[PDB]
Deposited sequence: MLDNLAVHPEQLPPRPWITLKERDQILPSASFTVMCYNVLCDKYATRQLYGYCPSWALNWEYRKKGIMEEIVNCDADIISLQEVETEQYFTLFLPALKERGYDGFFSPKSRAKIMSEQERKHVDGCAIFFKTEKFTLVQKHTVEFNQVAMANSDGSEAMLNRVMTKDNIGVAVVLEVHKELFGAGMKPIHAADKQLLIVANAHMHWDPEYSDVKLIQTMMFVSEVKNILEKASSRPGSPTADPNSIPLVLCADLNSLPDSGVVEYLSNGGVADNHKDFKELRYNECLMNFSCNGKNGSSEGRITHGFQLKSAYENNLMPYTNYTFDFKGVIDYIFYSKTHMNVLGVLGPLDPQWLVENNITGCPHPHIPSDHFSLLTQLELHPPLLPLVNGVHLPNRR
């Protein structure tokens, strides 16, 4: 397994630089022979894969790490203890807090974690966004909001961090979400994204009023290709309320609850670190290969200096690798890694 390359996109000036990782590790619960039958059982097994997962994370050595598919017990016994030793602290929330289940099932619920190096950042606030609660609260007048959106218990997490002056009070919000997966539910994915951005803006308003100005880095497994309403909404500061992906009700007035006519907008002016298909895919399986993971950043606060390019495709060809995971690749997603430059 050859080390991944690095694409330089812009030189360092000559004021704060830091790196961000985004990585869906593939949780044990979903690593089944049914879905990944082309991978031998011994290489699917968590006791085997978790080693490759930790190696990938250690090798990337990112200042900030956003993971998806982190199982609750594994956050507390594997990811946090190990990354504490590398100088990180972390924030984790699982999905399904409100769902009733046994002690044993609770250990295996997955969720999102953000880690940050404490020599560079200090935690100011931490937040969990429950898309099912936000949908329920904004569902008046929409059966679809209640039937299709509220019933999915996906989440995102966000932290407000202090960026230490030595790297140049400067604040930074890092947000990390994992959206619903089903290709037939583009509406849910889009609404979940608008709910998340909307709630992050509410978080940001309450980070400022404590004696628009705060940069955002948004990591996510959006389960959405670059041509989707989700990515258009994130990249262009808004989306039409009649966008095809809303699958009717399109023009529902309930969408405007997230919406700051006909356009649902946000003011974050985001850009994707990997735009212009610098990786041809982020999820790589036999049945599906495509870009569905993203690192977005406030383009008025930050430059992209570089990204970690894709695993060499001739290597996948020579080794006949048509899907992941694989004995040498421990997740069906490739990690994303970017170096950003923050100008206060």
item: Sequence ranges without modelled C-alpha atoms (deposited numbering); value: 1 to 11, 26 to 28, 183 to 193, 237 to 243, 293 to 299, 384 to 398
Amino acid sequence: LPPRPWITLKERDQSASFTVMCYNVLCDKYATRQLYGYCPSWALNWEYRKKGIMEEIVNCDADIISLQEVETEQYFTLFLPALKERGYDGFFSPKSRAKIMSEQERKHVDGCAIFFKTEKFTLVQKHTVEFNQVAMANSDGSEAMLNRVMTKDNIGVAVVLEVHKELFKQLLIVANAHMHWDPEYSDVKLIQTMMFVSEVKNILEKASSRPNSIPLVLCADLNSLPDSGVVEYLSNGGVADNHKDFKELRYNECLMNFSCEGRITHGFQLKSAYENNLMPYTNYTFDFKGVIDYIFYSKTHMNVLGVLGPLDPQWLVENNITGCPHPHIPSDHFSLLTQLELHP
From here on, numbers count along this sequence of modelled residues.
| item | value |
| --- | --- |
| Residue 251: gap in at least one third of other compared structures | yes |
| Residue 261 not built in a third or more of the other entries | yes |
| Comparing 251 to 259 with 90 to 98, the one whose average Cα B-factor in the PDB entry is higher | 251 to 259 |
| Stretch with the higher entry mean CA B-factor, where the candidates are 124 to 132 and 212 to 220 | 212 to 220 |
| 198, 272, 228, 265, ranked by C-alpha B-factor: the highest one | 265 |
| Identity of residue with top Cα B-factor, from 166, 184, 105, 71 | 166 |
| Lowest, middle or highest third - CA B-factor, residue 320 | lowest |
| B-factor third for the C-alpha atom of residue 329 within its chain | middle |
| Relative C-alpha B-factor of residue 151, binned into the chain's lowest, middle or highest third | lowest |
| Lowest, middle or highest third - CA B-factor, residue 189 | lowest |
| Relative C-alpha B-factor of residue 308, binned into the chain's lowest, middle or highest third | middle |
